[PDB]
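Protein chains in written order, with the entry's author numbering: chain K, 2 to 107; chain I, 2 to 107; chain G, 2 to 52, 52A, 53 to 82, 82A to 82C, 83 to 100, 100A to 100J, 101 to 105; chain D, 2 to 52, 52A, 53 to 82, 82A to 82C, 83 to 100, 100A to 100J, 101 to 105; chain B, 37 to 247, 256 to 332; chain A, 181 to 228.
Just so it is clear, CB atoms sit at the ideal spot from N, CA and C, and this is done for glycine as well.
Some notes on the structure that comes next.
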Amino acid sequence: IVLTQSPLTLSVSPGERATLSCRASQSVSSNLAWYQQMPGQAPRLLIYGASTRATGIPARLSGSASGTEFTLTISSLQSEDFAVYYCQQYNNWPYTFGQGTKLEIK
Amino acid sequence: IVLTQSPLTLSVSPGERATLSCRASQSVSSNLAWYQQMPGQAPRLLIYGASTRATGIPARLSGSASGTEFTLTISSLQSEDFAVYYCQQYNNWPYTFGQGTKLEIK
Amino acid sequence: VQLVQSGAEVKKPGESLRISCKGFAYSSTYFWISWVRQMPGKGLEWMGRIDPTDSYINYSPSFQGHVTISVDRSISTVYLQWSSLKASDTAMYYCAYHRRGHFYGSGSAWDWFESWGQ
Amino acid sequence: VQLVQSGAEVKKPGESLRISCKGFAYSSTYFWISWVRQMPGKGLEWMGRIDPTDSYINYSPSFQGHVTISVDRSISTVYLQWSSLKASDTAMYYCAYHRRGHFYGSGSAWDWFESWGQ
Amino acid sequence: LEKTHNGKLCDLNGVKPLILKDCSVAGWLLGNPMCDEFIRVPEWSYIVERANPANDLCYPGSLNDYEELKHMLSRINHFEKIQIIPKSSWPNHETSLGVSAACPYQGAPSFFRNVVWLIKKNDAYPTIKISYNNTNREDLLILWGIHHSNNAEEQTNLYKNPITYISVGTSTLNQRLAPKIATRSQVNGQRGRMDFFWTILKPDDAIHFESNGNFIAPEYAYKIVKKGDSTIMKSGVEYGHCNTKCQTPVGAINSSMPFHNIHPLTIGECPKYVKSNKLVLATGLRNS
Amino acid sequence: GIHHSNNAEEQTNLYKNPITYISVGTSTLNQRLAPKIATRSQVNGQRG
Ligand SMILES: *[C@@H]1O[C@H](CO)[C@@H](O)[C@H](O)[C@H]1NC(C)=O
């Protein structure tokens, strides 16, 4: 399963809304997770099940699924949202990730 | 558990009553036996459970228990009662014996 | 859980290397410990998973013959092994905890990476 | 039961000795065979016990490293062994039959020595 | 038709009932640490148990033939608890480590009092071969159990032997058990289980127990010293220090009427239950 | 039927195989039995 992420870089001003897309090659049936990574740190879970936020994740992080397409929406962008985002499927093994999306301060 | 027997020698005339005492160091909870031994023979059971006589033991052999102290009473002493008596506890292992009590004809 | 790995390693090609991950107990619930390779600048790649309780390993096809995943059940530590290192093996390596074979709801799989080691 | 032991033995220090006791069958009820040492003039000392069915041995702390208690389950015979005899080992030796782990009444233990071998 | 009761649990012909309060039959008979009030229980006329007692099997598990045991209990008026195997009679096994936080006693972890949880001592579990002989002229209620562990690591951490059994044998009982080592859900914080079993020993019989692991050994048994016409009553009503000749789970009946509509379940000399609101026999003629 | 013996010595003295079974199978019956070798009380003089 190949997960293609869109876009690769996204320059959005803080306070606005950012939209990340992840498209699969096959059906993963909502078994998809969104992780966020800072430089030098391990990835940390934000979204599991393509909709459900983890504990501690604010309500401004929204995960949505439409068949094969998945969307992560970050509204009211704070200074700690500018990182690298990854979509990972766990419907099958081997587990595959996306190529990443860097969120840059405008 | 240390079983101290009293006395070590006892000279009583035949026909009278002899009293043997056995004192434990700890509680053995009436799991004590009295054995009699002749020269050259193995010990033979007289009393088990600190009160109960074995099969063949006459009613003149009496076992009594008072907490830690145990008493063997031989009334109407015959010529076959002059032997060595031992108290053995079997509440715990290792099993321990007394030092013995020789009954001598007066 | 909280996973702690060994320190950074600098090696020459042709050497054998063993990194470790610990911090998981004998968790009664079925669980996987996975190894993840992340090249500098690139995304993440899943190398393989091991169940520490029965030493059952599932390897990625890209990493089946190159790395070896083992477990020491006495000290509760999962090892990743190379026999002959190469220049392409220079990357960050994470151990990730997830659950083995657990499901919920209408067939939703609960095996996302829930805990990573630095 | 009726226990019969081997004959008297006269040995010099540094020799190995094996006395025997037989006369017990494969008694279905759990049972112990014990070894008892009696010095001339002194009282009795319990050395150890063995269950002939499963070869489980309990040693006294005074006799743990000095004597060895074994059983031959084919011929139904319990052996007592010394490797290096000493002058202090000169004593009478009895084998005693009692019952293993049996209770009655209000917690009364039924493991008094019920049968001795000459 | 009698329609009134005092709304209290009262004595039945002078004998006070055994009110188990928030304990069950299994919790009382196995020795729950929260049920230490019922360690020595006098002769009862009937047993009162709540509908959902809080203190039952503190450690998760089962009691085999529990309802048959309660049916037998509804014909027993008195027990005498006796130590059949003392806890100090286990020199090669650990008797003090067998405690659980699922079975608390004033905060600290504890266990059932009438049975002992035997653990390996000095990294060894010798094969338990224990026999008790009934010499008491009465039938004995003996309870034992088997622990079901979670994994092989726990099985070796508690008993050192990976494959174990418990064999129990009387004149009529022939039982062989093995632990079911499996992953389960947490009940009272514990994924492991404890299956308890009971038997009645006749006054000249033996129980032979042989096991090399997972054994919850009996320590206390119950002499059935009095029998006849008891019941187990599901009631939350409080004891009111009365005397009565008829008791129902909602109150006591003081009546010479032939009928009542109080409760179908009764104990004592009672009127006949009918689900009627009015039962009046005309004895005289009709009024103007 | 199935015989339940007293000890491993009797099990080898009667059948010589320490671990045995009985499997019975019909269109509706599927039975697998093993002996329960244990110490028991004597009924009619027999512990088995
Ligand atoms: C209950 O009945 C007894 C006789 O059985 C009688 O003495 C008593 O007064 C009765 N109680 C009431 C409240 O009538």
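- Comparing C-alpha distances from B:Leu237 to each of B:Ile276, B:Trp180, B:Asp175 and B:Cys46 shows the shortest one belongs to B:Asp175.
- Partner residues in a beta bridge of K:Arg18, as assigned by DSSP, do not exist.
- K:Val3 carries a coil assignment under DSSP once its states are collapsed to helix, strand and coil.
- With three or more CB-CB distances shorter than 8 Å, the stretch 265-279 of chain B counts as touching the stretch 111-126 of chain B.
- At a cut-off of 8 Å between beta carbons, A:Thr219 contacts chain B.
- Taking C-beta separations shorter than 6 Å and ignoring five residues to either side along the sequence, the partners of I:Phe83 in its chain run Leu104 and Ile106, following chain order.
- A check of alpha carbon separations from B:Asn224 across B:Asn170, B:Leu194 and B:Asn91 identifies B:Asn91 as the nearest.
- Under the 10 Å beta carbon count, D:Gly98 is surrounded by 16 or more other beta carbons and is classified as buried.
- Considering only beta carbons, no part of the stretch 190-205 of chain A lies closer than 7 Å to chain B.
- Not one beta carbon of chain B lies nearer than 8 Å to the beta carbon of I:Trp35.
- Closer than 8 Å to the CB of B:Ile83 there is not a single CB belonging to chain D.
- Counting C-beta atoms within 10 angstroms of its own C-beta, G:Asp100H has 16 or more neighbours from the protein chains shown and is therefore classed as buried.
- Put simply, the CB of B:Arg227 is near chain G, with a gap under 8 Å to one of its CB atoms.
- Chain-order list of chain B residues neighbouring D:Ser100C: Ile118, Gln119, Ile120 and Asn172, by C-beta distance under 9 Å.
- Legend: CB atoms of the stretch 30-49 of chain D lying less than 9 Å from CB atoms of chain A belong to residues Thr30 and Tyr31.
- Using a Cβ-Cβ cut-off of 8 Å, I:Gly101 counts as an interface residue toward chain D, since at least one Cβ of chain D sits closer than that to its own.
- DSSP lists I:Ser12 as the bridge partner or partners of I:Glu105.
- A Cβ-Cβ contact shorter than 8 Å links B:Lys44 with B:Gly295.
- A:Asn186 belongs to the set of residues whose beta carbon lies under 8 Å from a beta carbon in chain D.
- By the rule that beta-carbons nearer than 8 Å mark a contact, B:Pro127 touches chain I.
- As a beta-bridge residue in DSSP terms, B:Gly181 pairs with B:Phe232 and B:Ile260.
- Placement of the Cβ of B:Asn298 at a distance of less than 7 Å from at least one heavy atom of ligand 1 is found.
- Here B:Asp58 really is in contact with B:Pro89; their C-beta atoms are around 5 Å apart, less than 8 Å.
- Residue environment for I:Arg18: exposed (fewer than 16 other C-beta atoms within 10 angstroms of its C-beta).
- In this structure, DSSP gives B:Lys267 an extended state, which the three-state scheme calls strand.
- Taking a beta-carbon distance threshold of 8 Å, I:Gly50 counts as an interface residue toward chain D.
- Taking 8 Å as the cut-off, the Cβ atoms of B:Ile202 and B:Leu194 do not count as close.
- A Cβ of chain D is located within less than 8 Å of the beta carbon of I:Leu46.
- Chain D has a Cβ within less than 8 Å of the Cβ of I:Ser31.
- In the three-state reduction of the DSSP assignment, B:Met108 falls in the helix class, which pools H, G and I.
- Membership of A:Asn193 in the alpha helix (DSSP H) is indicated by the continuous run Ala188 to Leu194.
- For K:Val3, same chain residues with a beta-carbon under 8 Å away, outside a window of 5 residues either side, are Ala25, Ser26 and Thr97 in chain order.
- The C-beta of D:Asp86 comes no closer than 8 Å to any C-beta of chain I.
- Proximity of the stretch 181-201 of chain A to the stretch 303-314 of chain B falls short of the contact definition, fewer than three beta-carbon pairs being nearer than 8 Å.
- Rounded to the nearest whole angstrom, the CA to CA distance from I:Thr72 to I:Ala66 is 6 Å.
- Taking D:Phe63 as reference, the option from D:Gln3, D:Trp36, D:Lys43 and D:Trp103 with the minimal CA-CA separation is D:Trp36.
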